[PDB]
Structure formats: C-alpha cells, structure tokens
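In structure tokens, the next block holds one chain alone, the form deposited in one PDB entry.
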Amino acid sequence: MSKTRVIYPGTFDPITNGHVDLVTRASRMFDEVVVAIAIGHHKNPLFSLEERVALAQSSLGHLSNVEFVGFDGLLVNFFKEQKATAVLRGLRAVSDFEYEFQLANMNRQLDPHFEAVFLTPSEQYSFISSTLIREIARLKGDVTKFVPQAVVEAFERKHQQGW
C-alpha cells in the first residue's frame, strides 16, 4: 500500500563488511533503507558520530536507496518519526537472538506498530563484529579483510593519535 522503509540501527563503530553485506541484501528487498547510527550514549565509542557516519556513507553510498542518519533517543520513537515499516537487525549468534527477541517484544509494548525483521550473515562474514574488529586493530592486527578501505585508514589515523 505504501512503499517500505526499513531502519538498520547500530553504533557502527566502525562499519564492517558484515554491515555492508546486510545493508546490500536489505536494499534489494525494501524500497528505502536507513542506516541509523546511534550516538551511543555510554558504551563510549572509539570513532565520533561524524566519523562513523562518514565511514558508513563512503562504504555504502553506491547503493542509491540507502540513507545515513545519526540518532539519539529511543529506537521506538525514531521508528515512529521515520514512519518506518520495520527495524532490521543481523543475528550472528545465540546471544544476539535472545537480546533482539526481548527488544522486539519490549518495543512492540511501547508501540504496537513496531516491527523487527532479522537477517543472518553470509557465511564469510559470520564472525565479524565491530567489537572484535576493534580488539584486533587495537593489538595492531590487520583488519583489511573484514572492513572497507576507509575503515582501515581510520584505524591507522587512530593509532597515530595514540590509540
């Protein structure tokens, strides 16, 4: 009836090839995909919101139906303001499944129009998370295989600034 708009929220600290694959797949199935970068009040992020947004834009801007927005506040309010059809999340592991199952039910209690749909990662990206990529990079491991080029460069800048 209305054209579909899906929100893909996260901290994207930084964006990885796992995120890229999910957004690519989502962009084939929904009219509009909003990459929604939570400022991340607490759980302080390595990269600034601005840096995170720019890395997302550079990594995914080739997809013409994808938008990039920073947000703060509640997911469920952002959902309503965006007039979204659903939220999209990736499920890598059992702990993700459990957490998102709970969140979807809480958010649906907060707004009965809330919806959450899930994808599972492609096998070659199944282990990739931002947290793990940060840990490898922090120990000066090479993360080139797992993240876009701009992210590799951003990590190099971060080391030169003493992280």
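Shifts are known only where both forms have a C-alpha. Counting begins at 1, following the sequence as shown. We call the rigid core whatever largest set of C-alpha positions still superposes within 1.5 Å between the two forms.
For this session: Can you let me know which of the two, 41-49 or 24-32, has the higher average C-alpha B-factor in the entry?
Result: Comparing 41-49 with 24-32, the higher average CA B-factor belongs to 41-49.
Problem set entry | Entry-level comparison of average CA B-factors, 113-121 and 64-72, reporting the higher stretch | The entry gives the higher C-alpha B-factor average to 64-72.
For this session: Using the entry's values, work out which of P14, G141, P9, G18 has the largest Cα B factor.
Result: By C-alpha B-factor in the record, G141 ranks first.
For this session: Have a look at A56, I128, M106, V94 and flag the one whose Cα has the highest B-factor in the entry.
Result: Among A56, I128, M106, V94, the highest C-alpha B-factor in the entry belongs to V94.
FYI, the form deposited in another entry isn't displayed, but the following is about it.
Exercise. Which of the listed residues (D111, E115, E67, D96) moves its Cα by 2 Å or more between the shown form and the other one when the core is kept in place?
Worked result: Looking at each option in turn, only one qualifies, and it is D96.
Problem set entry | Residue pair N105, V94 - Cα distance in the other entry, closer or farther (3 Å or more) | Note: Cα gap between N105 and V94 widens in the other entry.
Problem set entry | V94 and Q109, C-alpha gap in the other entry relative to this structure (3 Å or more) | Farther apart, by at least 3 Å.
Exercise. Upon rigid-core superposition, which contiguous segments of at least three residues exhibit Cα shifts of 2 angstroms or more between the shown form and the other one?
Worked result: When the rigid core is held fixed, residues 41-43, 92-96 are the runs that shift.
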